[PDB]
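Heads up: the sequence shown is residues 4 to 125, 127 to 261, going by the deposited numbering.
For each residue, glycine too, the CB sits at the ideal point set by N, CA and C.
First the structure, in the form of structure tokens, and then the observations on it.
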Amino acid sequence: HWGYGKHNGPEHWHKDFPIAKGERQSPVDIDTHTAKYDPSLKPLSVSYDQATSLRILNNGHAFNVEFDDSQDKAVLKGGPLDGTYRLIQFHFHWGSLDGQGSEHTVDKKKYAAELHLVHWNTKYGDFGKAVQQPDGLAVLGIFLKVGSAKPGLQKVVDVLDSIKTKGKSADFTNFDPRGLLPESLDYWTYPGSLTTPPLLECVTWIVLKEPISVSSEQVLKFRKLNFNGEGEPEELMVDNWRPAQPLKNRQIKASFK
Ligand SMILES: On1cccc(C(F)(F)F)c1=S
Ligand SMILES: [Zn+2]
């Protein structure tokens, strides 16, 4: 099945998921010189005050911090979006070395990691119906650079020991995702896709310009997770990122001058 190795990585996905070579695939390189300021964009509204985290899961590709999305509790709206999108989970993509790991790049620059906060358009009723629509998802993408620790990340890092292998989960209540945001909400936005199979083309990407800083010790703990299940040979969960895809007939818009 799919993964990130020589034999089952991104260059192979198209054979089971032909939409891998589609017209609005993610991630992309963000060419800062080419991305035009759009003054019709609205400020982004991130309302995470009532977010209710439930659980963290190692899914064999990444770890997902899952939220109760049965009520309008934690929502993203504004920016390029029409309507209201509900937070369902966040996860990261990261590298084996600090020089790589993000999926979007900025003028070809790769960051050490990238946080994806996943939200579904509540006009579609649930997540499953939202991923059958071209405006079904909104993902807030935030880059990580290695420097000072991010205090709001430490509760995630400290639980990782308990979900080392594929299929392991742990209780993860009362986590506040506001602690993972940078100061500024300036962003770039473009229409794209999931960056893992099934690669569906449902996503309004909103990529913040300002990275957050995490410590070398924090990202080193991400890299001690395993892609394999318990009792299987150890394969470190590193380099779970897809490289930049052709932009095709798309424009990337900036919310800021
Ligand atoms: O990485 N990944 C995995 C599953 C779903 C998504 C999303 F957010 F696009 F829906 C992503 S980015
Ligand atoms: Zn992702």
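Would you mind reading off the limits of the beta strand (DSSP E) that contains residue i?
i           : result
residue 134 : Where residue 134 is concerned, there is no enclosing beta strand (DSSP E), although the alpha helix (DSSP H) it sits in stretches over 131-134.
Looking only at DSSP bridge pairs, what is residue i linked to?
i           : result
residue 117 : 96 and 147
residue 112 : 109
residue 123 : 89 and 141
residue 79  : 49 and 88
residue 207 : 141 and 196
residue 218 : 150
residue 253 : DSSP, once it has assigned bridges, lists no residue as partnering residue 253.
residue 230 : 240
residue 175 : 58
residue 248 : Partner(s): none; residue 248 has no beta bridge.
residue 191 : 212
Locate the alpha helix (DSSP H) running through residue i, then write down its first and last residues.
i           : result
residue 197 : Segment: none, residue 197 is in no alpha helix (DSSP H) and carries neither H nor E.
residue 158 : 158-163
Is any non-hydrogen atom of ligand 1 found closer than 7 Å to the C-beta of residue i, if you look at the structure I gave you?
i           : result
residue 211 : no
residue 141 : yes
residue 242 : no
residue 198 : yes
residue 119 : yes
residue 94  : yes
Quick check: does the Cβ of residue i come within less than 7 Å of any heavy atom belonging to ligand 2?
i           : result
residue 291 : Outside the modelled stretch of the chain, which goes from 4 to 261, sits residue 291, for which no answer is possible.
residue 64  : no
residue 107 : no
residue 289 : Nothing about residue 289 can be reported from this structure: the residues present for the chain run from 4 to 261 only.
Can you confirm whether the segment 229-237 touches the segment 164-176 when touching is taken to mean that 3 or more C-beta pairs between the two stretches lie within less than 8 Å? yes
Under 8 Å, with one C-beta from each stretch per pair, do the segment 12-24 and the segment 92-102 reach the 3-pair mark? no
Run through the segment 24-70 for me and flag every whole beta strand (DSSP E) of 3 or more residues, listed as ranges in chain order. 47-50, 56-61 and 66-70
Sufficient close CB pairs (3 or more, under 8 Å) joining the segment 63-77 to the segment 208-218: no
Between the segment 98-112 and the segment 242-258, do at least 3 Cβ pairs fall closer than 8 Å? yes
With three or more beta-carbon pairs closer than 8 Å as the criterion, would you say the segment 158-167 touches the segment 34-54? no
Spell out a yes or no on whether the segment 43-60 and the segment 175-194 are touching, meaning 3 or more CB-CB pairs, one atom from each, closer than 8 Å. yes
Would the segment 217-226 and the segment 107-121 be scored as touching if the rule is three or more Cβ pairs under 8 Å? yes
When you compare the segment 225-232 with the segment 193-206, are there three or more beta-carbon pairs, one atom per stretch, that lie closer than 8 Å? no
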